[PDB]
Amino acid sequence: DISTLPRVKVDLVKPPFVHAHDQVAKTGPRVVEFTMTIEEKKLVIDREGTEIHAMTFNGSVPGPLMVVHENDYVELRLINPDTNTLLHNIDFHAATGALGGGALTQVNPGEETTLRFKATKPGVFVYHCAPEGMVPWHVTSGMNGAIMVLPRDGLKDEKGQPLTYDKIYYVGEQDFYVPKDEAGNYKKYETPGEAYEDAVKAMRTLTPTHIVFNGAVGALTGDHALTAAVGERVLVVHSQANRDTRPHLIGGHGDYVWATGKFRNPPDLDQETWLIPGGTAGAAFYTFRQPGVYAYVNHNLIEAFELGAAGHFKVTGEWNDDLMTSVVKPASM
Amino acid sequence: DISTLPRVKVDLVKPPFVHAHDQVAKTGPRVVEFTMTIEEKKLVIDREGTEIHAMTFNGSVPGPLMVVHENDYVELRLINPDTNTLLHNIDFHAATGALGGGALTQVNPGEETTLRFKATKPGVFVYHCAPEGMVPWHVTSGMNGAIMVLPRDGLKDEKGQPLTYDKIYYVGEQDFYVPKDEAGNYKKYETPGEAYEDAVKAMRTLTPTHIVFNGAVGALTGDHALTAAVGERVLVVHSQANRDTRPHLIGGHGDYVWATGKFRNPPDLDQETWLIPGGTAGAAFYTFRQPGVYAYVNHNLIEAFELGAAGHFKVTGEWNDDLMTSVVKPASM
Amino acid sequence: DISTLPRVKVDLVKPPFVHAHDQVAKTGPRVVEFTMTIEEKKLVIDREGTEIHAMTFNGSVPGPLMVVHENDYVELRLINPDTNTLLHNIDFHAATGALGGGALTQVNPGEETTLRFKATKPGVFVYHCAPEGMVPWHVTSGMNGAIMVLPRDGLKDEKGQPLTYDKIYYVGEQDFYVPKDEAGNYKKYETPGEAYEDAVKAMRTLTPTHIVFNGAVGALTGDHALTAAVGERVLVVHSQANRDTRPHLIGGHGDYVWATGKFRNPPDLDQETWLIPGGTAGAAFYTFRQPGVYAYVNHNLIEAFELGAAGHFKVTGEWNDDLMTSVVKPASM
Ligand SMILES: [Cu+2]
Ligand SMILES: [Cu+2]
Ligand SMILES: [Cu+2]
Ligand SMILES: [Cu+2]
Ligand SMILES: [Cu+2]
Ligand SMILES: [Cu+2]
């Protein structure tokens, strides 16, 4: 039955970007092949040169967003090159059975594997490494991402009408727990293994030292701000594989929001701030109505402005003074 | 267009009370004018006399609840008197553009401004100070409030039938991070600026020293308890501009709840406890059925009873044995 | 009126199991009678032998799951044997009035009391001891459980069509705050009251030392894992009386989820993870499609794998390769 299905090989794009795809499926079910190479590497996460041993899928934190349609088959080639030092695997929250695939994809350095599963449920899902015994260590090292399973007929609003986005961005929020010495200075290590014992102690406090988007403080600001123009409908996928988050677009709203990311449910309207539970991926749809700079933040202001969970959106267009304006006071009637 | 619109000035009331308004709009769009004066002042937040330098909108924590109807224009005159020492602004989650107004409202002591914005979406929203560089500090110091944008035809239940409340209260929950010395004794400072450096160090621990309703421990208890009578429909707007909370009425429920506070969505029924994400405002509707004392709390009981997030409701009326009765009063076995 | 209603005495069963009951009420409203004895006891909560003074309802943590139908009357006989040292009571989130019944059931050692209330709202609610002054201490010591008020016509899906479960399980998550000494060694006490002072201090940190399912780390693993078979519809009731949790079944999904547990509300579909607020009970409905081991965890992987909030499911049946299969098993590149 599956041999009569077309097979397509897709090349993944580094976040916050997403590979090309059709919102409304033009073909019947397919076997979408993806390839991801695991890379363990040192990553500088802040302005102060704090460095950590990131464990990544395709070299980025978060891993790339994969997009397929309901009932397509996802066939993933997971490679763990010999340059790495730890055993890894992959668990998709979209898959059914075998711990999300984690039980079937344990690969040591120098090993690879190919897993296939049917995307039977529409929605955006989290995928993350989960090695027996060191689950929270791999996840909080950035080894997580998301996969979007679009309904075959695209997104629909509260009333069943079509919702079409012109842009789509993937924002991966990551909570880090970097160990410090007695004074509070961040430690550096030679290999991931060396940091392990300290890492565990740091995680157990349940208090992140950093909370970033796209792997670093300010990763999504300045020359890297997300862009759009007045009139465009933007879909923002947001995942957090381990800790609760509450996204908010300062100066805008979430017109249609699937806080828990499951498309068979009607979206929530006009959200100012929405909660995305840890271990979940969510999606917000919004049409920009004013130009200018917008801050996309985790609305626990301390986490956004002190720990790092804040990004920018730079929107071009004409100002609408009917929506907002600085009043001039020369009158009484 | 605006020039030909009726204007109505409204005098704000200090929480938990709310200024006079109509649930169902008896007129067309209007320009509702409000005036708020910024006041930086010392505030005692607990029984032990702990004192902090509060930054308030109109002299209270939280600021007053502003109430308008969908499509009205809010016109706010913000005044920062010369007695204050810091620059402040305001960001409305209900507004579209210019960082919710923050980018258009920066005022130093001795300055004032008048912002106008269209209330395009119905629901309860948070509004807070957000000066570039010291956002968390201004919010955690109590500079936040909420605005309700009622649908022009009032509230509706799950089935589209009208919901009318007889009383409405506004509870703003506030998380405080008071700095401590080596022994654990709370610090005191002469001015807000003196406290800054320590304030940031305290915030970064992500652990509040106090979590209070209406500005202080027991602000809504004893002679300050919210009141009602068996049979009355009450609407409780609750806001938290920086941290998750989970309101609960011990002895009652949330008959119709808008946890994320956006009125175009149907409420959730018969909630025992609901989550209001930080940076959001929610609303619960309840009709009292039994007289007596009720405790309105944040259901992380440690936070409610140890940290201060607890309030009272003293309700009058006749007891109803059908709903509850002590068949056998406590007695020795 | 009540004097006429048929009465039914229920025999409680220890969690994670549930006592006999009908999903669909076969008779009209009745007075369902229950009896629970309070027991303070020492409990080993982890592999390392950490001991604590648990305060329980019926000798278990959590207390047993009580099931009744909408509009039945619940009559609970609560006994506090003279072997206990503290005063206790019970508050049902499902009841209306007297602080959920807490104000009418205060019993000292050597006392008992009988309370009757009407189950007017359908859903799974939390019940917990709540003595004036030591509320969080009693709750965080395991003195809590849940009660399910099913609709007289059983459960329904998003479209109103009947949902019938084959198995039902009750998972009570408990957050513990065990006091430690300088080195980090957990403390032991002779009696509950001796522990009180240290307890309060530990609680105020807001950081648990243990987060477990059913009373202990691994209580629902190995020979105690929950069981099911491919094709079976399972309903999992989950509660947390004081802190937020985010349930996730690794390798599965929540087909129908009532995150805040109130049945008059349609369920959310295809949830990967859902947030249940502290002081709330929720319910997830799933049908197993793959055999094998599934982990039921709190998706804050630190709280799950390091703190103890992880259970198992052992499912029997035939593997379905369409849903998922290993195309290439791990091997050297
Ligand atoms: Cu890994
Ligand atoms: Cu997971
Ligand atoms: Cu300010
Ligand atoms: Cu804000
Ligand atoms: Cu007790
Ligand atoms: Cu309670």
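Cβ placement follows ideal geometry from the backbone for every residue including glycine, while neighbour counts extend to all protein chains displayed. Nothing in this text is a laboratory measurement; each read-out follows from the coordinates by a stated rule.
Summary of computed values
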{"quantity": "Least to most buried among A:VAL230, A:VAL217 (fewest other Cβ within 10 Å first)", "calculated": "A:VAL230, A:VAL217"}
{"quantity": "Inter-copy spacing of B:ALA229 label points, which lie 7 Å from Cα along Cα→Cβ, given in nm from shortest upward", "calculated": "6.2, 6.2"}
{"quantity": "Share, in percent, of DSSP beta bridges within chain B that are antiparallel, nearest 5", "calculated": "70 percent"}
{"quantity": "For chain A: rounded, prolate or oblate by the Cα gyration tensor [a/c cutoff 1.5]", "calculated": "oblate"}
{"quantity": "Positive minus negative residues near C:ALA309 (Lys, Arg vs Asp, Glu; Cβ under 13 Å)", "calculated": "-4"}
{"quantity": "Residue-averaged [θ]222 nm for chain C, counting only DSSP H segments that reach four residues, each worth -39500 (n - 2.57)", "calculated": "-1500 deg cm²/dmol"}
{"quantity": "For A:234-241, mean number of other protein chain Cβ atoms within 10 Å", "calculated": "1"}
{"quantity": "J(HN,Hα) series, the range A:172-179, from Karplus relation 6.51 cos²θ - 1.76 cosθ + 1.60, nearest Hz, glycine and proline x", "calculated": "x, 8, 10, 9, 10, 10, 7, x"}
{"quantity": "Distance in nm between pseudo-label sites at B:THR207 and A:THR85 (7 Å out along the Cβ direction from Cα)", "calculated": "3.2 nm"}
{"quantity": "Alpha-carbon centroids, the range A:18-79 and the range A:265-289: separation in whole Å", "calculated": "22 Å"}
{"quantity": "Linear extension gain, A:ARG77 paired with A:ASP1, 0.36 nm per residue minus alpha-carbon span", "calculated": "25.2 nm"}
{"quantity": "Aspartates and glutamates whose Cα lies under 15 Å from that of B:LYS26, excluding same-chain neighbours fewer than 8 positions away", "calculated": "B:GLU70, B:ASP72, B:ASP153"}
{"quantity": "Inter-chain Cβ neighbour average for residues A:111-117, partner chain, 10 Å", "calculated": "6"}
{"quantity": "³J(HN,Hα), Karplus 6.51/-1.76/1.60, whole Hz, each residue of the range C:76-91, x for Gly, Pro", "calculated": "10, 9, 10, 10, 10, x, 5, 7, 7, 10, 10, 8, 9, 7, 8, 10"}
{"quantity": "Three-way shape call for the range A:1-151 based on the alpha-carbon gyration tensor, with the a/c threshold at 1.5", "calculated": "prolate"}
{"quantity": "Per-peptide average of other Cβ atoms within 10 Å, ordering C:105-111, B:221-227 highest first", "calculated": "C:105-111, B:221-227"}
{"quantity": "Exposure rule at most 13 other beta-carbon atoms within 10 Å, DSSP loop trypsin sites (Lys or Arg not before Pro): chain A longest free segment", "calculated": "A:160-333"}
{"quantity": "Formal net charge of residues neighbouring C:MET203 (Cβ-Cβ distance under 15 Å; K, R +1; D, E -1)", "calculated": "0"}
{"quantity": "Computed over chain B: relative contact order in percent, which uses C-alpha pairs under 8 Å that are six or more apart", "calculated": "15 percent"}
{"quantity": "Copy-to-copy label separations for C:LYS9, where each label sits 7 Å from Cα toward Cβ, in nm and ascending", "calculated": "7.4, 7.4"}
{"quantity": "Theoretical gain in end-to-end length, B:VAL44 to B:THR191 [0.36 nm per residue, Cα-Cα removed]", "calculated": "51.5 nm"}
{"quantity": "Amide H within-cut-off set for A:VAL171, under 5 Å, with H built and near neighbours excluded", "calculated": "A:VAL237, A:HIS238, A:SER239"}
{"quantity": "Rounded, prolate or oblate (a/c below 1.5 giving rounded, otherwise prolate when a/b exceeds b/c) for the range B:207-333 by Cα gyration tensor", "calculated": "oblate"}
{"quantity": "Nearest-first distances (nm) between copies at B:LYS201, label 7 Å from Cα via Cβ", "calculated": "2.2, 2.2"}
{"quantity": "Rounded to whole Hz, the Karplus (6.51, -1.76, 1.60) HN-Hα couplings of the range B:27-39, x for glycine and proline", "calculated": "9, x, x, 9, 10, 9, 10, 10, 9, 9, 10, 7, 9"}
